[PDB]
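Residue numbers (PDB author numbering), protein chains in the order written: chain B, 48 to 129, 136 to 168, 179 to 542; chain C, 49 to 129, 154 to 163, 200 to 551; chain A, 78 to 106, 111 to 164, 183 to 190, 223 to 543, 546 to 572. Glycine is no exception: its CB is placed at the ideal position from the N, C-alpha and C atoms. Here's the structure we're looking at; comments come further down.
Right, here's the structure in full:
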């Protein structure tokens with residue numbers, strides 16, 4: 048049956064062809080295997096970013112927004128408990150706060166003057192809201208609010224943003240918190256650190272911020288010992304009586320943790336540190352090791368993203384949140400050719416002002432509360448292979464003692480020796496203590512399972528086993 | 049062909065070894081699972097945030113319910129420093205004599221500190237006095253939806269108490285839960301950060317606490333998903349009243365497989381344990397469910413902290429003398445395997461868990477007391493009596509940090525039979541060696 | 078031509094005989114690893130809780146020598162700040228640190244006077260505390276009737292609690308409740324606050340020394356059972372006057388030994404001597420070679436870590452170059468010059484505790500009328516209108532299970550070479566029949 052054996056020769060190769068698809072499906076599966084390594088090793092100390100909720104000094108900014116602060120007390124006068138000489142209605146006519154009544158569903162009525180007979184809607188049907196009018200009093204939307212406490216605060220942010228946009232940037236740094244005033248005592252454990260070792264980023268909404276170290280200024284400082292005595296120890300001096308009284312309600316100070324060479328994102332990842340306490344923070348190094356771009360979608364370099372990065376002025380590295388903030392400014396320019404103040408302005412453009420673009424109040428807030436606009440940037444920009452999170456353990460205890468209250472405040476009462484003003488807030492200083500914990504490594508590394516053995520050579524010898532089986536009957540015929 | 053019956057037989061014996069090696073790795077890979085860790089970006093479903101106040105029913109309201117208990121409590125404070157079935161004795201040890209109807213085995217209690225021994229006597233009577241109160245009377249006496257809730261912000265849309273639901277709890281009064289409504293789209297976050305999280309400003313009255321139930325002040329918050337029970341009995345992350353407590357979280361998933369693998373169930377199909385909570389299956393819910401099953405059969409009544417089964421009503425000391433020793437009798441056997449809830453009930457494969465990283469600061473500043481406090485007095489239109497103190501206005505921020513869904517899945521190597529082609533070729537090769545041994549045997 | 082197409086035709090059906098024997102040999106040219118996630122439902126055996134203070138308790142022996150430090154401190158702060184010892188500090224204020232017969236001196240400078248004085252006092256008080264007679268204390272001062280008001284775990288007391296005691300030279304008094312391994316150890320039946328640990332601590336507002344004890348809180352730190360109370364790792368510094376709900380999430384690690392990875396099951400084959408009386412960990416190699424490196428370099432033993440019996444602790448009157456001996460080695464240890472990170476391996480039994488927090492003020496306005504009247508009649512505690520000194524601590528388990536990161540070896546595909554072995558065994562044999570088929 049030599050002719051019948053030839054028909055089975057194609058059938059035996061058919062099973063090899065059927066198993067050949069399995070070898071192709073394995074290689075296109077791109078399977079990885081995770082692995083764990085937990086233990087303390089020599090890791091560089093992470094960059095500690097210091098910010099504050101109050102962006103500027105109120106005693107050095109009062110001539111900028113004097114008309115707005117006088118206008119704010121007139122709004123609080125009618126709402127709490129009922136003449137304005139110079140109220141400056143042009144600021145009020147930018148975004149006038151309106152009133153929506155839902156007592157009558159058949160006919161809603163409004164009363165929108167706002168500067179027991181002059182009380183305003185203490186019931187449940189009242190909804191104090193805003194209007195956004197783009198040169199037309201019939202296309203005015205309503206940003207609805209139901210509690211009038213922080214609705215006035217969110218109104219105050221947008222009115223201040225229109226003020227800080229026309230102020231030039233270099234002049235605006237000097238009226239923020241200085242490096243010598245905000246932080247005074249810096250301790251590392253082995254080497255001293257001053258204000259000069261810090262560098263500054265003018266973040267537009269929280270003012271002047273400071274970071275401990277980068278790779279841009281000097282080399283990183285490694286710490287190869289777990290200990291609260293080692294690591295960064297900071298003593299802050301915060302002017303609680305020098306806050307902006309309406310923009311920043313929270314009196315705490317901002318402490319942040321991020322990568323060594325990266326732009327510090329401020330409202331993406333930041334924890335509060337309480338005044339009068341020792342914010343004791345034990346850090347972790349939570350790393351994710353993506354195994355390349357064909358196994359999992361990743362951008363290890365950052366050139367794969369079509370959207371240009373507007374964070375190249377600080378010369379940082381690629382990150383996740385750099386796409387979502389740069390595109391939302393870029394989607395603003397394609398709709399309204401003027402830049403928003405809270406994001407870094409592109410080169411050659413201009414911050415958006417009411418003197419040049421009165422449509423700023425509606426063009427920004429409509430894109431802000433748009434789910435489909437924000438969903439576009441999520442699927443457009445990709446992820447990053449060196450994903451590094453920073454877990455932390457925050458515990459605090461009241462730092463200044465009853466024995467040192469007569470003692471330790473007198474030492475700080477002359478290291479700020481200036482001929483103009485000194486801050487002596489007894490309950491406005493912050494003790495900090497940042498240290499490595501016992502086990503810092505919580506890493507997820509991925510090994511490649513697509514070898515040449517199991518994916519190709521395994522199917523090769525298996526097909527050869529069937530191929531030798533065809534020669535097995537041939538050897539018996541030759542015997 | 050004398051050597052031909054050993055030459056092909058050597059290939060036949062090697063075939064069976066090749067067939068066994070393609071079979072030994074076949075069954076082993078069938079039970080072999082792999083850990084798949086992958087984090088991706090999408091619209092994260094915001095979890096059901098439950099706000100529970102540690103303050104019970106209003107102390108000015110509960111006077112005519114508990115006038116007899118506070119007179120008995122202050123009388124014992126004078127001597128040491154409704155019925156009288158369990159007076160406290162002196163052993200310097202303050203304790204009790206938890207006796208049954210028969211005094212052959214009377215349970216004992218030994219304690220050292222007087223400040224913590226006076227609270228535990230008050231917690232005992234509090235379970236039973238409010239047990240005889242009907243559930244319709246518990247709603248009017250506890251916190252309403254407008255008292256605890258002041259400001260409800262979520263992604264710019266100003267929510268209210270109409271989105272919160274009335275979830276009554278016997279240990280904390282009325283709890284209110286955000287993003288948990290029937291026939292409603294679950295709200296989802298879109299941008300990470302504390303700006304577009306759940307921004308809640310709370311309020312607890314300072315002069316209206318219960319001075320013997322709990323000494324501490326501050327509402328508790330539980331992060332949990334929609335279908336599961338919140339379980340605010342034991343788990344709790346308390347919030348300081350005077351100032352802000354911001355909470356960051358992360359969505360960590362956990363997927364396992366039940367039937368060919370490590371044991372689970374998805375709806376309790378393996379055990380006859382009736383789910384009293386009417387929630388999704390978990391290991392915590394199943395332990396409390398089998399406890400109240402054996403409690404009604406043995407003690408004859410249901411615990412006040414646990415919800416009501418459809419069998420019977422609550423427990424009461426003036427109605428039943430000996431349920432208290434019966435309640436302590438189960439916990440002596442619940443530690444060991446006498447009840448068998450560890451043996452009968454299984455675990456749960458699919459469950460989520462959030463890691464809470466808190467941070468605190470002063471929310472009323474020294475330059476905000478002139479304007480922030482009177483507006484919050486103005487906003488609370490129900491309780492306008494005085495200016496609100498800053499030690500009563502707790503602010504809560506719950507938000508995703510960087511919008512990361514760290515998912516851990518389990519997928520076997522032999523999922524579809526096309527992946528078992530390496531074992532299928534080992535079987536055909538071993539069968540090819542089975543046609544050589546019999547061929548060499550005859551010749 | 079005919080013979081050339083016949084002799085070369087036998088090399089076309091025999092070339093695959095070594096093609097799957099060399100490529101497969103180059104393929105494997111290693112121990113594979115694998116990971117499994119199991120949720121072991123155990124009985125939740127309760128770990129040890131180390132409770133320490135935040136004030137160094139001065140001794141009556143050192144009391145005649147501690148007041149001389151305050152005499153120099155008052156003299157220094159009146160001169161440089163307007164408010183003998185061998186090392187005077189003088190300015223930017225700093226600190227001179229020299230070696231025996233050496234002109235170069237590391238100037239321990241500081242930016243501000245707060246951390247300068249707090250570290251200048253952390254060089255004398257830390258050093259003169261080594262002059263204590265290491266004996267059993269003849270007068271037992273039980274501060275558990277003063278420092279801890281209530282020990283409440285699973286609704287009982289802690290009168291029969293075999294507690295360990297050691298005075299930390301930087302933080303002060305300490306207490307650990309579960310260093311023993313007897314039958315009366317603690318375990319958590321149900322993950323409840325009422326079924327967990329409940330503590331009430333007296334955080335002392337008036338400190339014994341205002342120079343070193345610049346905090347008034349209280350330290351709460353959990354660890355293992357045989358593991359030591361390390362306490363430089365860090366724990367919960369807690370505000371006096373609030374209740375803290377400490378929830379734990381146990382995350383353990385189980386790996387393979389030396390057959391697969393770089394790990395040891397027990398500290399037996401390591402070259403570093405087990406200086407602790409505890410079990411093996413990572414700190415028992417790093418912080419013991421660093422102790423023995425001080426023995427090799429100088430004649431001093433370090434005070435924050437335990438001491439072998441063949442040497443005493445170091446003193447500046449005994450060895451005037453101790454501060455140079457510690458500062459030069461610490462900056463040399465971080466550069467991995469001693470190689471102690473490479474000599475000792477990692478432990479295969481790693482048990483870390485995830486720690487979260489929850490804060491709430493412990494007295495109410497109704498409690499300040501009643502509790503401070505109750506507490507003053509019990510353990511003689513006066514009230515302070517500025518701050519509240521007591522603090523309530525609640526150790527708590529989040530849920531019954533705990534995530535086990537157990538590492539597992541691979542199945543028994547490294548046997549493919551053996552599969553290719555029999556495949557190549559039937560390759561050369563079948564190739565001979567192809568050439569003999571022509572005949």
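Distance between residue j and residue i (C-alpha atoms, nearest Å)
i	j	result
residue 452 of chain C	residue 314 of chain A	28 Å
residue 316 of chain B	residue 410 of chain A	41 Å
residue 354 of chain C	residue 480 of chain B	36 Å
residue 125 of chain A	residue 76 of chain B	41 Å
residue 350 of chain C	residue 472 of chain C	8 Å
residue 318 of chain A	residue 372 of chain B	55 Å
residue 531 of chain A	residue 521 of chain C	31 Å
residue 388 of chain C	residue 216 of chain C	38 Å
residue 579 of chain A	residue 203 of chain C	There is simply no residue 579 of chain A to check, as chain A begins at 78 and stops at 572 in what is shown.
residue 401 of chain A	residue 289 of chain B	21 Å
Close Cβ partners of residue i (< 8 Å) along its chain, the five nearest in sequence each way excluded
i	result
residue 388 of chain A	394, 395, 396, 479
residue 492 of chain A	372, 373, 374
residue 366 of chain C	372, 373, 374, 457
Local Cβ density within 10 Å of residue i, reported as buried at 16 or more and exposed below that
i	result
residue 516 of chain A	exposed
residue 354 of chain A	buried
residue 396 of chain C	buried
residue 384 of chain B	buried
residue 267 of chain C	buried
residue 279 of chain B	exposed
residue 468 of chain A	exposed
residue 490 of chain A	buried
residue 159 of chain A	exposed
residue 456 of chain A	buried
residue 492 of chain C	exposed
residue 523 of chain A	buried
Neighbourhood of residue i by C-beta distance below 6 Å, restricted to the same chain and skipping five residues each side
i	result
residue 91 of chain C	296
residue 303 of chain A	134, 136, 137, 138
residue 328 of chain A	284, 526
residue 510 of chain A	none
residue 365 of chain B	381
residue 197 of chain B	422, 425
Counterpart residues of residue i in DSSP-defined beta bridges
i	result
residue 522 of chain A	A:332
residue 452 of chain A	BP columns for residue 452 of chain A are empty, so no partner.
residue 154 of chain B	B:189
residue 349 of chain A	A:369
Residues near residue i by beta carbon distance below 7 Å, same chain, minus five either side
i	result
residue 239 of chain A	225, 226, 228
residue 299 of chain A	133, 305, 362
For the region 464-496 of chain C, enumerate the residues whose C-beta is nearer than 9 Å to any C-beta of chain B, in chain order. 465, 466, 467, 468, 469, 470, 471, 472, 473, 474, 475, 476, 478, 479, 480, 482, 483, 484, 485, 486, 487, 489, 492
Residues in the region 137-152 of chain B having any Cβ partner in chain C nearer than 7 Å: none
What are the residues in the region 339-373 of chain A lying within 8 Å of chain C by C-beta distance? 373
Using a Cβ-Cβ cutoff of 9 Å, what residues of the region 281-293 of chain A are near chain C? List them in chain order. 281, 282, 283, 286, 287, 288, 289, 290
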